[PDB]
Each structure stands twice: as structure tokens, then as C-alpha cells.
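All remarks here apply to the structure that follows.
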Amino acid sequence: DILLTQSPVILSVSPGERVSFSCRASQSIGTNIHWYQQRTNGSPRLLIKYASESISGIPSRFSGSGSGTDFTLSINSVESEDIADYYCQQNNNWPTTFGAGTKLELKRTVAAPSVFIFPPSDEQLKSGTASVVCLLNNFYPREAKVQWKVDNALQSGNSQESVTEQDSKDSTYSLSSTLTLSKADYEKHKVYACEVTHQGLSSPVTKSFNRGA
Amino acid sequence: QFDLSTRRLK
Amino acid sequence: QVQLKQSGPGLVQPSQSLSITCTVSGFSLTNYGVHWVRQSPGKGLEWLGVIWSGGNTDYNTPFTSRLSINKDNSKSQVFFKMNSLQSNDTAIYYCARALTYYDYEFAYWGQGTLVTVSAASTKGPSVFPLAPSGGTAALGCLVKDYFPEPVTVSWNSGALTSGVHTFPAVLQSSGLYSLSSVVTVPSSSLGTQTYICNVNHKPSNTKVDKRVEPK
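Just so you know, the sequences run in chain order A, E and B.
FYI, the entry's author numbering numbers position 201 of the first sequence as 201, with every residue one higher than the one before it.
Remember, the entry's author numbering sits 1 above the position in the second sequence when you count from 1.
Counting with the entry's author numbering, you get residues 1 to 133, 139 to 220 for the letters of the third sequence.
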């Protein structure tokens, strides 16, 4: 099988900048290489066929070149909708093989997160479980801290984080931190606070509620 | 490495 | 308009069989060949096989024994069947069509089929409201305790997309998945507008519409 090595693993650029994706073959494959785009939760999308040939509906800002073992996919002016993974595929040799792909991240101005805290619903408390959700919305960069406090007691090990991929429009991230307690534990305490640390904040922001208002 | 949840590379 | 639509996301017991149906439109299966490609954490994109216009089949080397592709030209359906699944067979499976009948540049893809190989049983999720309380209100739904992935979440039957963030599912210690889907709206619309998250967990046929109001 033909081994396709894509470099780098991660690319980080700014909107309007040129960017080049590398794809190297273990041996000469002529120009029998295809490129693909894959956005979040999407299927691969054909960008370029046979090293340089254009594809219908594909923006003119996408082009490709190279021959033999060294190939290059180029975006002359990156837009926020270009945020995706990019794969290369060879078919000069059977069977057709794909590269490991390159992740394209976009840089932008620092954006402070908007913080919202959500108490557990009365509907869930019937199950004997309580989920307290903290929302960090539309921020940049990805790095952020979420510290949970229950009656001034530092919570640890009982929370989980989920982070959205970069937004295709404003290039921001959103984060959700979920504090999970038993209904017994939740009922024994009053003040539930969520402290957020981020570069866009000159001070940690705390959203909190008293159980039962 | 590919993530089945988001169909994106981590 | 050329389209390929695969069957619903599925759970497969260890050492059991996997079956996916690819239904096509916009072209005839007698004119084009249908390929099958999977995507896994450990192996990335991987070409599996193809059934050609004439009915001939090619299977990639490490699948020749347990792979089986069939079709019905009349019903425009392609049948993918792989035997003896193990954990590292857990991946997203695609059916695809090339630009030209003989070639391999995949310009058309199915939406994908997330296959999870596990002995565990299917469980529908519970949906709980994230009730709202600078003129912008945040609200959402808590989709908790389900298996396996995936679950689809929309807002107001697809009419609401602006400001929606559906977070990636996280695996809890219980072995059950959980996610939240949020959306920012004008706080003055909480009295006028109705907000419903449309939750669908096809592996368990659990379909729930959850109305989210201020408590």
C-alpha cells in the first residue's frame, strides 16, 4: 500500500492569509491525487481531482499542484468557512489510500466568554440525580478554566467539559461544564457557583444561584 | 486522531 | 440532483454482522459504481470495497473474507454487509460515488453511518430543560444517559439555527453518553416565542420534543 504523509498535523492561520497543505507519497504516484474537505459532523467533500483539476461548485480560492511524491493543496485567502480537516487520496496504486489529514485552525481577536449558569430542573431531580450546567459562550482562544464551588467547597472530579469546534462564522468556541451530583448531595447545599477564568477577562467571572432562588 | 463524535481530528 | 442516503446509525454486538443500505437517486446504479469507505480513530479514512455497474465486486485486501456487497438496480439500493465485527471496526461508514463510472474520485458521499461495536444494550436518553433566568437570554436542553451515539438535536423543527451550539457528547463513567444543546435568544422573545429542542435517538427510536420555558 502507498503511505501518504500529510504535514503539518495542525495549521493555524489568520483570515485572508495564504495556506498550503502538504501530502507526501511513499513512492511516485504521478499526479493521481485527490483532495478532500471535511467540516464538523460532515462527510468528505471533493476539492481537487488529479493534483490540480478543479471541481464544480468549489470556490476558486482552492487550487492544487505537485507531481511525483510531493503535492500541495493551497488556499490563497482563508475564510472562516474554511475551518475543517483536509485529506489527500492517491489512486495511482491499488488500493486507493488516504492521508491522515491536516487540521486547519483560524486565529482571531481575543473574545471574552459570556457565562450562564443553569440549575438542575425539577424534572431531573425526580431521577435522584442533579446536573448543574455552566455555559461559556462564544470565546477565543480555546483555553479556559471552570471552577465549581458548592457552599465554598472546591468541587473536583465531579465535573465534565465539552467544547464545540471552531465556529464557521465568527471563529469562536463555546464550552459547557456540567457538575454532576446526587439528589441527596444537591439538597444538602445552598450556594452553587461557577467561576470562569479566561484571557479575555481581567478578572474571573462568577455565575451562581441559591437552590430554590 | 479522528473523533467519531464531531467527525473532526483532535 | 445526485444523492446517497444510508440507513440509520447502529449498534453491533461483538463478533456479529453489520448491515447498511445505500439508497441512491439522481442516477442509475447500472451506469455508476458504488464505493464503500470507513473512518475510524485508529485507521482514519479507509477504502473498503466497490460494486460496479455490471455487478462485479472488489474488496480491499484485509476485508476480502468478511465483506459482502450487493445491490438492486430496480430499487436503487446498495447492500453493505460485513461479518465478525470487533471493537476496532467501530467507525463511521460511508457509501460514495465517483465522478465517472470507472474512477475513484469521490464527489458524492452518503451522510455516514456511525457504527458502534459493543456488548452493551441500547438506551434512550432523558431530555431536561436548561431554563433561562445584556438583553440576551441563554437556554437549552440536557440530553442525558443514552447509548450508543449519535443523537440529533434541532430547534423549533429546524427553523432556529442562529446561535445554536450543540456540544460534542461526553462519555460518562456509567458508559452512557450525555450532551447539552444551547441557543441564545433575545430575552424579550421569551414571552412571544416558543422554544423546543427536537431530540432524536434513532438507535432506540426515542423521539422527544422538549419545551424550554423560564422556570
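No residue lacks a Cβ here, since even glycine has one placed at the ideal position from N, Cα and C.
Taking the Cβ atoms as the reference, residue 180 of chain A lies roughly 6 Å from residue 131 of chain A, within the contact range of under 8 Å. Taking a cut-off of 8 Å on C-beta distances, the region 71–90 of chain B touches the region 1–17 of chain B, as three or more cross pairs fall below it. Cβ-Cβ distances below 7 Å link residue 132 of chain B to 143, 144, 195, 219 in the same chain, with the five nearest sequence neighbours on each side left out; the list follows chain order. Within the same chain, Cβ atoms closer than 6 Å to the Cβ of residue 81 of chain B are found at 19, 68, the five residues on either side in sequence being excluded. For residue 5 of chain E, no Cβ of chain A is located within less than 7 Å of the residue's own Cβ.
In the three-state DSSP reduction, residue 138 of chain A falls in the strand class (E or B). The Cβ-Cβ distance between residue 45 of chain B and residue 98 of chain A falls below 7 Å. Taking the C-beta atoms as reference points, residue 91 of chain A is found no nearer than 7 Å to residue 2 of chain A. Each of B:117, B:190, B:4, B:50 was checked against the Cα of residue 140 of chain B, and the nearest Cα belongs to B:190. Taking C-beta separations shorter than 6 Å and ignoring five residues to either side along the sequence, the partners of residue 186 of chain A in its chain run 130, following chain order. Here the C-alpha atom of residue 2 of chain E lies approximately 44 Å from the C-alpha atom of residue 212 of chain A. Under the rule that a run must span 3 or more residues, the beta strand (DSSP E) segments found entirely inside the region 77–164 of chain A read 85–90, 102–106, 114–118, 129–139, 145–150, 159–163.
Contact of residue 44 of chain B with chain E is assigned, a C-beta pair being separated by under 7 Å. Within the DSSP secondary-structure output, residue 99 of chain B pairs in no beta bridge.
For the region 153–178 of chain B, the residues whose beta carbon sits under 8 Å from a beta carbon of chain E are, in order, 154, 155, 173, 174.
Excluding residues up to 5 positions away in sequence, 108, 109, 110, 111, 171, 172, 173, 200 lie with their Cβ nearer than 8 Å to the Cβ of residue 140 of chain A in the same chain. The count of Cβ pairs closer than 8 Å, one atom from the region 78–90 of chain A and one from the region 144–158 of chain A, stays below three, leaving the stretches out of contact.
Judged by beta-carbon spacing, residue 71 of chain B lies within the 7 Å limit of residue 29 of chain B, meaning their Cβ atoms are closer than that value.
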